[PDB]
Amino acid sequence: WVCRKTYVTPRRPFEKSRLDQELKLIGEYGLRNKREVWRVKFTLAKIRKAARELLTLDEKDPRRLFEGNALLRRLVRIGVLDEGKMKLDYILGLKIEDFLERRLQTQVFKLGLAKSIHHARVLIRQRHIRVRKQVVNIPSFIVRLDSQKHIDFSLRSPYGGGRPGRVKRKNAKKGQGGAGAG
Amino acid sequence: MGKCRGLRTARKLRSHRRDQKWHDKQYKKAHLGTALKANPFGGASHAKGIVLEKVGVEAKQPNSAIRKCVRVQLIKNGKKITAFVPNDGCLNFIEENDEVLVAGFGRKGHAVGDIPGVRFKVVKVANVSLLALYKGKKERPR
Amino acid sequence: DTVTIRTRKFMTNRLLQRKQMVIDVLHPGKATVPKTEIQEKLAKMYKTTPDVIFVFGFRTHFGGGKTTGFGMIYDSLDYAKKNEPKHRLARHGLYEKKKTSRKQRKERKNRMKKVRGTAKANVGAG
Amino acid sequence: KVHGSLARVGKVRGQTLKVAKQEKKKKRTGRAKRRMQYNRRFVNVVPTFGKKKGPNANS
RNA sequence: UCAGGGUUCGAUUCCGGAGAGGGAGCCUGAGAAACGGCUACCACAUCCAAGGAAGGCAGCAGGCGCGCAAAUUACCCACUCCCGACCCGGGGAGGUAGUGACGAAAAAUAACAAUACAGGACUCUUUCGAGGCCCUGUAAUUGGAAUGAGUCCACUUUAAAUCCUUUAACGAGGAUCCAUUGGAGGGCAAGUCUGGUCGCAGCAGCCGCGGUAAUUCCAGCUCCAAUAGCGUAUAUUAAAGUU
């Protein structure tokens with residue numbers, strides 16, 4: 001039906017300067033590939049293009065008002081922008097890293113219960129967390145501002161209340177069939 | 001500069017450009033179609049033929065080597081093309097009076113490297129790649 | 001388990017003589033229970049008894065915890081038995097189909113086409 | 001010398017020794033391959049005076 | 001595809017048009033110069049007791065041929081609509097499944113402690129040295145913990161079923177529940193390592209490598225890039241202010 005790409009490739013194939021930035025950025029946040037990086041940078045450069053229009057439109061054009069007002073609300077609703085700013089010039093001061101703070105795996109680590117970031121991604125996938133009432137398996141949730149005070153573990157897991165795993169209950173049955181009857 | 005900048009000179013611009021575009025080499029091949037008629041390909045990426053007989057082809061200086069090509073007749077034209085064979089010992093995996101699949105070098109019209117008179121190479125002998133014959137993950141199907 | 005049946009946007013659909021709502025269901029440590037069990041509980045929430053209740057849908061969300069379907073409740077049997085698409089009546093049996101597979105119809109039809117006056121052989125006889 | 005003509009194919013590949021030392025060790029994929037790449041280059045932290053070394057050096 | 005201006009493509013799901021082997025003529029009807037109607041000629045091809053008779057898949061499947069090149073002689077009118085004298089009948093329209101690395105979205109292939117060395121802020125000490133913190137890989141075994149991949153009863157899905165989601169019971173110690181595709185002289189991210197070959201064999205888009213000391217060939221080890229994808233050929237755009 002309707003399909004389109006969510007990322008673009010770099011114009012240069014190789015460049016010592018570029019590769020180090022993409023590598024070290026992936027190291028911090030535990031990302032799997034550069035396709036998880038360029039995805040972010042497509043969205044950002046798209047938003048940077050839309051903003052770049054409206055600044056050149058006449059001040060108090062109706063198109064410029066209605067777009068900007070509802071746009072900045074969305075940037076504030078995800079929390080990559082403040083309302084102590086609230087104008088279009090600060091869109092261009094926005095950059096790549098601020099998004100990545102609002103990723104699920106980043107917020108698990110930063111404001112919750114994890115070891116290193118590499119641990120935290122595994123917890124999201126193995127279904128040990130929820131967002132308000134709802135299980136997730138996607139570390140690319142990007143998390144709305146309101147939902148940061150509802151990040152909790154899951155209500156059926158061995159982490160908190162719920163049935164144990166098959167490593168524990170296995171060893172429990174080693175007390176009954178591994179050394180209790182075997 | 002040195003040319004009209006009228007306001008009613010759309011005709012004198014758009015008819016001039018349509019003429020001086022034909023002096024370009026690239027454009028003149030695309031739109032006359034003399035390309036299609038002269039080529040042994042129909043513009044198709046590959047083509048298929050039947051072997052006529054192995055040959056040895058001498059190299060252009062400074063390099064000196066013997067390059068062991070083949071010569072092939074085609075299915076759908078009956079005309080003849082001289083085609084390179086890749087890596088060491090892959091000549092043996094091509095046997096006379098069988099079919100092969102050919103393909104251009106990667107320069108799209110011109111002879112490549114130090115070998116002259118060759119503009120084509122060979123990729124598959126009989127639904128089996130030169131790679132798997134060479135590497136040894138497949139065998140001759142006969 | 002202990003499960004909850006919970007309404008959602010009721011309609012008194014007088015023209016078809018039924019009452020159609022959503023069947024919003026919560027299940028705690030389980031989810032996805034038989035549809036038969038569901039209509040029992042709805043029988044003893046509007047006192048209409050479970051043979052004029054009909055339900056279907058019931059897709060279960062991730063992790064369990066909720067399931068949502070669509071249910072009808074007819075005033076009498078005959079209003080259901082008349083209106084009702086056949087497969088929903090046969091869903092808890094009182095009707096079947098036969099008929100018989102597909103094809104045996106078309107190959108007979110074209111043979112019936114090539115006779116005139118008497119086609120009673122082909123209707124029974126091949 | 002060259003004896004038994006120099007037109008012969010399969011020459012260099014049919015007179016070379018064939019040896020191996022195929023792995024028993026399993027290499028990492030996906031996430032962890034980038035994790036090691038990050039730590040081994042930048043977060044060690046070794047670097048010293050101007051040098052040419054590269055990330056390979058079997059010299 | 002693209003800064004601005006453009007360039008290239010449009011058989012192909014919507015709308016309009018034209019045509020049902022090639023030509024011509026015509027019947028019926030409100031509407032047709034109709035081909036799932038008819039008549040003739042021409043090109044084909046079938047049956048025949050040789051007197052005659054019958055045919056047009058650029059409809060859905062399927063076969064031969066052609067080529068570099070393309071799926072099941074499957075299930076069903078429940079949905080969506082249409083047709084009829086009709087609330088009831090019919091529909092290869094259409095829906096459903098199969099084949100499917102054209103292409104697009106999502107994101108697993110091991111995470112955490114013990115010991116072990118290793119680094120540096122910090123502390124003590126004239127220094128040596130010692131303590132200790134933050135972390136790192138890396139050896140040695142392990143230990144505890146977790147999960148779907150699969151296998152699979154039940155429910156659900158639907159016309160009937162599959163898939164998906166939901167749930168029993170089995171299901172991880174790294175040797176296997178195994179990530180590959182290309183490259184390492186320069187352009188261009190990575191070996192003036194080891195063995196073999198000696199202008200031979202081969203590599204090389206380009207510039208160039210090989211004539212017995214090959215950082216470029218054939219192999220081993222190591223390293224680099226992208227990654228469930230990567231390479232190659234060809235059309236075409238940007239690069240091209242080289243239209």
# chains A, B, ... in the order shown; residues from 1 in each chain; ligands from 1
>>> residues_around(residues="residue B:84", least_positions_apart="2", cutoff="7 Å", atoms="only C-alpha atoms (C1' of nucleotides)", output="PyMOL selection string")
chain B and resi 69-70+82+86+118+120-122
>>> write_last_selection(atoms="N, CA and C atoms", output="PDB file, in the first residue's frame")
ATOM      1  N   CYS B  69      40.888 -16.700 -22.898  1.00  0.00           N
ATOM      2  CA  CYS B  69      39.505 -16.333 -23.068  1.00  0.00           C
ATOM      3  C   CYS B  69      38.798 -17.475 -23.743  1.00  0.00           C
ATOM      4  N   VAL B  70      37.537 -17.236 -24.168  1.00  0.00           N
ATOM      5  CA  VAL B  70      36.777 -18.150 -24.980  1.00  0.00           C
ATOM      6  C   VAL B  70      36.258 -17.309 -26.105  1.00  0.00           C
ATOM      7  N   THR B  82      33.639 -12.303 -27.878  1.00  0.00           N
ATOM      8  CA  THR B  82      34.842 -12.863 -27.319  1.00  0.00           C
ATOM      9  C   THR B  82      34.816 -12.433 -25.885  1.00  0.00           C
ATOM     10  N   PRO B  86      37.276 -15.598 -15.747  1.00  0.00           N
ATOM     11  CA  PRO B  86      37.945 -15.160 -14.521  1.00  0.00           C
ATOM     12  C   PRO B  86      38.985 -16.138 -13.994  1.00  0.00           C
ATOM     13  N   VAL B 118      38.340  -7.478 -25.943  1.00  0.00           N
ATOM     14  CA  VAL B 118      37.450  -8.234 -25.099  1.00  0.00           C
ATOM     15  C   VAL B 118      36.646  -7.177 -24.400  1.00  0.00           C
ATOM     16  N   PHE B 120      33.569  -8.434 -22.636  1.00  0.00           N
ATOM     17  CA  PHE B 120      32.568  -9.269 -22.010  1.00  0.00           C
ATOM     18  C   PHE B 120      33.300 -10.288 -21.201  1.00  0.00           C
ATOM     19  N   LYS B 121      32.615 -10.875 -20.193  1.00  0.00           N
ATOM     20  CA  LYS B 121      33.169 -11.894 -19.334  1.00  0.00           C
ATOM     21  C   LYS B 121      32.071 -12.902 -19.131  1.00  0.00           C
ATOM     22  N   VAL B 122      32.278 -13.911 -18.249  1.00  0.00           N
ATOM     23  CA  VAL B 122      31.466 -15.108 -18.181  1.00  0.00           C
ATOM     24  C   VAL B 122      31.201 -15.271 -16.709  1.00  0.00           C
TER      25      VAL B 122
END
>>> select_by_dssp(residues="stretch 44-163 of chain A", states="strand (DSSP E or B)", output="list in words")
residues 129, 130, 131, 134, 135, 151, 152 and 153 of chain A
>>> closest_atom_pairs(of="chain D", to="chain B", cutoff="12 Å", atoms="only C-alpha atoms", output="Markdown table")
| residue | atom | partner | partner_atom | distance |
| --- | --- | --- | --- | --- |
| D:5 | CA | B:66 | CA | 11.7 |
| D:6 | CA | B:66 | CA | 8.8 |
| D:7 | CA | B:66 | CA | 6.8 |
| D:8 | CA | B:89 | CA | 8.9 |
| D:9 | CA | B:89 | CA | 5.2 |
| D:10 | CA | B:89 | CA | 4.2 |
| D:11 | CA | B:89 | CA | 7.8 |
| D:12 | CA | B:88 | CA | 7.9 |
| D:13 | CA | B:88 | CA | 7.2 |
| D:14 | CA | B:89 | CA | 8.8 |
>>> interface_residues(of="chain D", to="chain E", cutoff="9 Å", atoms="only C-alpha atoms (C1' of nucleotides)", output="PyMOL selection string")
chain D and resi 2+6-13+15-21+24+26+28-30+32+36+39-40+43-46+54-59
>>> residues_around(residues="residue A:27", least_positions_apart="4", cutoff="12 Å", atoms="only C-alpha atoms (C1' of nucleotides)", output="MDAnalysis selection string")
(chainID A and resid 20:23 31:34 37 116:118) or (chainID D and resid 31:43)
>>> interface_residues(of="chain E", to="chain C", cutoff="12 Å", atoms="only C-alpha atoms (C1' of nucleotides)", output="list in words")
residues 75, 76, 77, 78, 79, 87, 88, 90, 154, 155, 156, 157, 158, 159, 160, 164, 165, 166, 167 and 168 of chain E
>>> residues_around(residues="residue A:143", least_positions_apart="5", cutoff="10 Å", atoms="only C-alpha atoms (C1' of nucleotides)", output="list in words")
residues 77, 78, 79, 99, 101, 102, 103, 104, 107, 131, 148 and 151 of chain A
>>> write_last_selection(atoms="C-alpha atoms", output="tab-separated table (two decimals), in the first residue's frame")
chain	number	residue	atom	x	y	z
A	77	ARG	CA	5.12	16.78	25.11
A	78	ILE	CA	8.06	14.40	24.45
A	79	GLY	CA	10.37	16.61	26.51
A	99	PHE	CA	16.12	12.69	21.62
A	101	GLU	CA	17.65	10.71	26.41
A	102	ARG	CA	13.92	10.06	25.93
A	103	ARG	CA	14.50	6.53	24.60
A	104	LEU	CA	13.08	3.79	26.82
A	107	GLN	CA	15.29	6.09	30.95
A	131	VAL	CA	4.64	1.60	30.87
A	148	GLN	CA	7.96	9.07	32.99
A	151	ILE	CA	7.63	3.53	34.46
>>> residues_around(residues="stretch 106-116 of chain B", least_positions_apart="6", cutoff="9 Å", atoms="only C-alpha atoms (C1' of nucleotides)", output="ChimeraX atom specification")
/B:57-63,67 /E:204-205,233-234
>>> write_last_selection(atoms="N, CA and C atoms (P, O5', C5', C4', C3', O3' and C1' of nucleotides)", output="PDB file, in the first residue's frame")
ATOM      1  N   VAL B  57      44.801 -15.127 -25.506  1.00  0.00           N
ATOM      2  CA  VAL B  57      44.783 -13.739 -25.907  1.00  0.00           C
ATOM      3  C   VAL B  57      45.962 -13.110 -25.228  1.00  0.00           C
ATOM      4  N   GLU B  58      46.842 -12.460 -26.028  1.00  0.00           N
ATOM      5  CA  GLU B  58      48.053 -11.828 -25.559  1.00  0.00           C
ATOM      6  C   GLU B  58      47.737 -10.489 -24.947  1.00  0.00           C
ATOM      7  N   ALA B  59      48.614 -10.030 -24.021  1.00  0.00           N
ATOM      8  CA  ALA B  59      48.413  -8.824 -23.257  1.00  0.00           C
ATOM      9  C   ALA B  59      49.095  -7.677 -23.952  1.00  0.00           C
ATOM     10  N   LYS B  60      48.663  -6.443 -23.600  1.00  0.00           N
ATOM     11  CA  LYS B  60      49.230  -5.198 -24.049  1.00  0.00           C
ATOM     12  C   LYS B  60      50.349  -4.855 -23.109  1.00  0.00           C
ATOM     13  N   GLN B  61      51.447  -4.281 -23.655  1.00  0.00           N
ATOM     14  CA  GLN B  61      52.631  -3.872 -22.932  1.00  0.00           C
ATOM     15  C   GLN B  61      52.336  -2.813 -21.891  1.00  0.00           C
ATOM     16  N   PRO B  62      53.092  -2.666 -20.798  1.00  0.00           N
ATOM     17  CA  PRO B  62      54.267  -3.440 -20.416  1.00  0.00           C
ATOM     18  C   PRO B  62      53.984  -4.875 -20.064  1.00  0.00           C
ATOM     19  N   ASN B  63      52.775  -5.176 -19.533  1.00  0.00           N
ATOM     20  CA  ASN B  63      52.399  -6.485 -19.043  1.00  0.00           C
ATOM     21  C   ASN B  63      52.469  -7.541 -20.110  1.00  0.00           C
ATOM     22  N   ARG B  67      45.895 -14.942 -21.413  1.00  0.00           N
ATOM     23  CA  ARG B  67      44.761 -14.544 -20.615  1.00  0.00           C
ATOM     24  C   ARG B  67      43.632 -15.529 -20.726  1.00  0.00           C
TER      25      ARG B  67
ATOM     26  P     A E 204      40.508  -8.282  -9.609  1.00  0.00           P
ATOM     27  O5'   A E 204      41.284  -6.961 -10.001  1.00  0.00           O
ATOM     28  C5'   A E 204      41.568  -5.980  -8.997  1.00  0.00           C
ATOM     29  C4'   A E 204      42.353  -4.817  -9.616  1.00  0.00           C
ATOM     30  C3'   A E 204      41.679  -4.105 -10.803  1.00  0.00           C
ATOM     31  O3'   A E 204      40.773  -3.105 -10.338  1.00  0.00           O
ATOM     32  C1'   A E 204      43.880  -4.651 -11.395  1.00  0.00           C
ATOM     33  P     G E 205      39.211  -3.323 -10.326  1.00  0.00           P
ATOM     34  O5'   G E 205      38.709  -2.278 -11.398  1.00  0.00           O
ATOM     35  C5'   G E 205      38.457  -2.651 -12.759  1.00  0.00           C
ATOM     36  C4'   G E 205      37.603  -1.582 -13.464  1.00  0.00           C
ATOM     37  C3'   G E 205      38.367  -0.292 -13.814  1.00  0.00           C
ATOM     38  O3'   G E 205      38.864  -0.317 -15.155  1.00  0.00           O
ATOM     39  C1'   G E 205      36.579   0.251 -12.403  1.00  0.00           C
ATOM     40  P     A E 233      30.266  -4.798 -11.971  1.00  0.00           P
ATOM     41  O5'   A E 233      29.138  -5.235 -12.988  1.00  0.00           O
ATOM     42  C5'   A E 233      29.473  -6.065 -14.110  1.00  0.00           C
ATOM     43  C4'   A E 233      28.210  -6.387 -14.914  1.00  0.00           C
ATOM     44  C3'   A E 233      27.417  -5.197 -15.471  1.00  0.00           C
ATOM     45  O3'   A E 233      28.017  -4.726 -16.680  1.00  0.00           O
ATOM     46  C1'   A E 233      25.938  -6.681 -14.422  1.00  0.00           C
ATOM     47  P     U E 234      27.975  -3.184 -17.036  1.00  0.00           P
ATOM     48  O5'   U E 234      26.458  -2.899 -17.353  1.00  0.00           O
ATOM     49  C5'   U E 234      25.871  -3.329 -18.585  1.00  0.00           C
ATOM     50  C4'   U E 234      24.362  -3.053 -18.582  1.00  0.00           C
ATOM     51  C3'   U E 234      23.936  -1.594 -18.381  1.00  0.00           C
ATOM     52  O3'   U E 234      24.069  -0.857 -19.609  1.00  0.00           O
ATOM     53  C1'   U E 234      22.647  -2.958 -16.960  1.00  0.00           C
TER      54        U E 234
END
>>> closest_residue(among="A:179, A:135, A:80, A:65", to="chain C", atoms="only C-alpha atoms")
A:135
>>> interface_residues(of="chain E", to="chain A", cutoff="6 Å", atoms="only C-alpha atoms (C1' of nucleotides)", output="JSON, numbers by chain")
{"E": [104, 111, 147, 189]}
>>> write_last_selection(atoms="N, CA and C atoms (P, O5', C5', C4', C3', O3' and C1' of nucleotides)", output="PDB file, in the first residue's frame")
ATOM      1  P     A E 104      13.979  -1.815   0.960  1.00  0.00           P
ATOM      2  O5'   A E 104      12.739  -1.377   1.837  1.00  0.00           O
ATOM      3  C5'   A E 104      12.141  -0.089   1.656  1.00  0.00           C
ATOM      4  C4'   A E 104      10.869   0.015   2.504  1.00  0.00           C
ATOM      5  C3'   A E 104      11.055  -0.256   4.000  1.00  0.00           C
ATOM      6  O3'   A E 104      11.594   0.895   4.661  1.00  0.00           O
ATOM      7  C1'   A E 104       9.174  -1.426   3.237  1.00  0.00           C
ATOM      8  P     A E 111      26.523  -9.475  26.484  1.00  0.00           P
ATOM      9  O5'   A E 111      26.021  -8.732  27.786  1.00  0.00           O
ATOM     10  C5'   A E 111      24.776  -8.023  27.786  1.00  0.00           C
ATOM     11  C4'   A E 111      23.982  -8.346  29.056  1.00  0.00           C
ATOM     12  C3'   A E 111      24.750  -8.353  30.379  1.00  0.00           C
ATOM     13  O3'   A E 111      24.975  -7.009  30.822  1.00  0.00           O
ATOM     14  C1'   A E 111      23.318 -10.215  30.314  1.00  0.00           C
ATOM     15  P     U E 147      11.896 -15.399  32.972  1.00  0.00           P
ATOM     16  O5'   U E 147      12.090 -15.334  31.410  1.00  0.00           O
ATOM     17  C5'   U E 147      11.867 -14.115  30.703  1.00  0.00           C
ATOM     18  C4'   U E 147      12.369 -14.249  29.265  1.00  0.00           C
ATOM     19  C3'   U E 147      11.760 -15.382  28.442  1.00  0.00           C
ATOM     20  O3'   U E 147      10.475 -14.967  27.959  1.00  0.00           O
ATOM     21  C1'   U E 147      14.118 -15.406  28.178  1.00  0.00           C
ATOM     22  P     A E 189      41.277   6.190   4.338  1.00  0.00           P
ATOM     23  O5'   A E 189      40.871   5.190   5.478  1.00  0.00           O
ATOM     24  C5'   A E 189      40.379   5.634   6.745  1.00  0.00           C
ATOM     25  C4'   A E 189      39.577   4.506   7.392  1.00  0.00           C
ATOM     26  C3'   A E 189      40.273   3.138   7.396  1.00  0.00           C
ATOM     27  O3'   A E 189      41.144   3.040   8.528  1.00  0.00           O
ATOM     28  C1'   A E 189      38.051   2.899   6.601  1.00  0.00           C
TER      29        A E 189
END
>>> atom_distance(atom1="atom CA of residue A:76", atom2="atom CA of residue A:144")
9.0 Å
>>> select_by_dssp(residues="chain C", states="alpha helix (DSSP H)", output="number ranges by chain")
C: 35-46, 77-83, 86-89, 106-112, 120-125
>>> write_last_selection(atoms="C-alpha atoms", output="PDB file, in the first residue's frame")
ATOM      1  CA  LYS C  35     -17.082 -17.689  24.537  1.00  0.00           C
ATOM      2  CA  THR C  36     -19.602 -20.069  26.131  1.00  0.00           C
ATOM      3  CA  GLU C  37     -18.531 -19.033  29.657  1.00  0.00           C
ATOM      4  CA  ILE C  38     -18.858 -15.332  28.750  1.00  0.00           C
ATOM      5  CA  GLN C  39     -22.520 -15.447  27.672  1.00  0.00           C
ATOM      6  CA  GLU C  40     -23.432 -17.198  30.976  1.00  0.00           C
ATOM      7  CA  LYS C  41     -22.384 -14.142  32.965  1.00  0.00           C
ATOM      8  CA  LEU C  42     -24.199 -11.789  30.583  1.00  0.00           C
ATOM      9  CA  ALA C  43     -27.286 -14.017  30.975  1.00  0.00           C
ATOM     10  CA  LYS C  44     -27.243 -13.248  34.690  1.00  0.00           C
ATOM     11  CA  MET C  45     -26.680  -9.534  34.122  1.00  0.00           C
ATOM     12  CA  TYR C  46     -29.807  -8.839  32.049  1.00  0.00           C
ATOM     13  CA  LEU C  77     -35.385 -16.814  19.802  1.00  0.00           C
ATOM     14  CA  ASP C  78     -37.345 -16.361  16.570  1.00  0.00           C
ATOM     15  CA  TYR C  79     -35.984 -12.810  16.049  1.00  0.00           C
ATOM     16  CA  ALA C  80     -32.460 -14.271  16.120  1.00  0.00           C
ATOM     17  CA  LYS C  81     -33.349 -17.380  14.108  1.00  0.00           C
ATOM     18  CA  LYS C  82     -34.764 -15.196  11.315  1.00  0.00           C
ATOM     19  CA  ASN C  83     -32.197 -12.411  11.178  1.00  0.00           C
ATOM     20  CA  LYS C  86     -26.391 -18.882   9.254  1.00  0.00           C
ATOM     21  CA  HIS C  87     -22.854 -19.646  10.463  1.00  0.00           C
ATOM     22  CA  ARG C  88     -23.457 -17.735  13.739  1.00  0.00           C
ATOM     23  CA  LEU C  89     -26.522 -19.892  14.439  1.00  0.00           C
ATOM     24  CA  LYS C 106     -20.746 -26.496 -11.443  1.00  0.00           C
ATOM     25  CA  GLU C 107     -19.901 -29.752 -13.261  1.00  0.00           C
ATOM     26  CA  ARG C 108     -23.540 -30.818 -12.818  1.00  0.00           C
ATOM     27  CA  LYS C 109     -24.812 -27.434 -14.029  1.00  0.00           C
ATOM     28  CA  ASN C 110     -22.979 -27.596 -17.356  1.00  0.00           C
ATOM     29  CA  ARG C 111     -24.254 -31.188 -17.862  1.00  0.00           C
ATOM     30  CA  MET C 112     -27.859 -30.093 -17.127  1.00  0.00           C
ATOM     31  CA  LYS C 120     -33.805 -35.649 -13.729  1.00  0.00           C
ATOM     32  CA  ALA C 121     -31.089 -38.186 -14.583  1.00  0.00           C
ATOM     33  CA  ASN C 122     -28.293 -35.605 -14.103  1.00  0.00           C
ATOM     34  CA  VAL C 123     -29.908 -34.333 -10.859  1.00  0.00           C
ATOM     35  CA  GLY C 124     -29.843 -37.723  -9.512  1.00  0.00           C
ATOM     36  CA  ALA C 125     -27.876 -39.690 -11.890  1.00  0.00           C
TER      37      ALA C 125
END
>>> closest_residue(among="B:7, B:44, B:74, B:128", to="chain E", atoms="only C-alpha atoms (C1' of nucleotides)")
B:44
>>> atom_distance(atom1="atom CA of residue B:97", atom2="atom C1' of residue E:66")
21.9 Å
>>> atom_distance(atom1="atom CA of residue A:147", atom2="atom CA of residue C:24")
24.8 Å
>>> closest_atom_pairs(of="chain B", to="chain E", cutoff="6 Å", atoms="only C-alpha atoms (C1' of nucleotides)", output="CSV")
residue,atom,partner,partner_atom,distance
B:21,CA,E:243,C1',6.0
B:45,CA,E:234,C1',4.3
B:46,CA,E:68,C1',5.0
B:47,CA,E:68,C1',5.7
